[PDB]
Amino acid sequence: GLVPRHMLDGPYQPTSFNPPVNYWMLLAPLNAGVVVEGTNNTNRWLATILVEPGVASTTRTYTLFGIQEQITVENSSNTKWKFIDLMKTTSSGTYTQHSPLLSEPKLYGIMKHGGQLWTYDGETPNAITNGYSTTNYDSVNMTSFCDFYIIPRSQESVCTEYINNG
């Protein structure tokens, strides 16, 4: 009878799928670039990118939903990485930047719940969640470009702990 050293489901390999509602996808990207993207294919396209510390304003190219896109990015922090939520509202629309997370753990989260897509916002270790109203939130398809874990919404406090502390 030994004693084990929190409840984690994963890690899973990068993939495209229709995630279950009421679960966090805890994303663990290792390098700069696209982290996760998802759309309802009608009026909401969300892609989160990751920028390493110390990046002066520069135009970088990301494959967002299979399309080469030029995005001007910047990370004025010299110590933490920067996640940026990129949003468009049509299949060919232009992206705007939102709800960044400045991060030491380099972890991100997204969840389909209650009519919104929920992501994390702010600067670790003080990230909290906020949500984007998303038509047909429950049927959103997502692509993860990094290994990830699945956490039920009941364990959201644990997910938040991971976001904020690694």
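Start at 1 and count along the sequence shown; that's the residue number.
*Asks:* With respect to the deposited sequence, is there a break between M7 and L8 in this entry, and if so is it 1 to 3, 4 to 9, or 10 or more residues, or none at all?
*Replies:* The entry has 1 to 3 unmodelled residues between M7 and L8.
*Asks:* Please compare 50-58 with 112-120 and name the stretch with the higher mean C-alpha B-factor in the deposited structure.
*Replies:* If you average the C-alpha B-factors of 50-58 and of 112-120, the larger mean comes out for 50-58.
*Asks:* Looking at the entry, does 71-79 or 92-100 show the higher mean C-alpha B-factor?
*Replies:* 71-79 has the higher mean C-alpha B-factor.
*Asks:* Among the candidates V21, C146, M142, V158, give the one with the maximum CA B-factor reported in the record.
*Replies:* Going by the entry's C-alpha B-factors, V158 comes out highest.
*Asks:* Looking at the C-alpha B-factor of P29, is it in the lowest, middle or highest third of its chain?
*Replies:* As the PDB entry reports it, the C-alpha B-factor of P29 lands in the middle third of its chain.
*Asks:* Check where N41 lands among this chain's C-alpha B-factors and tell me if it's the lowest, middle or highest third.
*Replies:* Top third by C-alpha B-factor.
*Asks:* Looking at the temperature factor on the CA atom of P125, which third of the chain's modelled residues does it land in?
*Replies:* Tercile = middle for this residue's CA B-factor.
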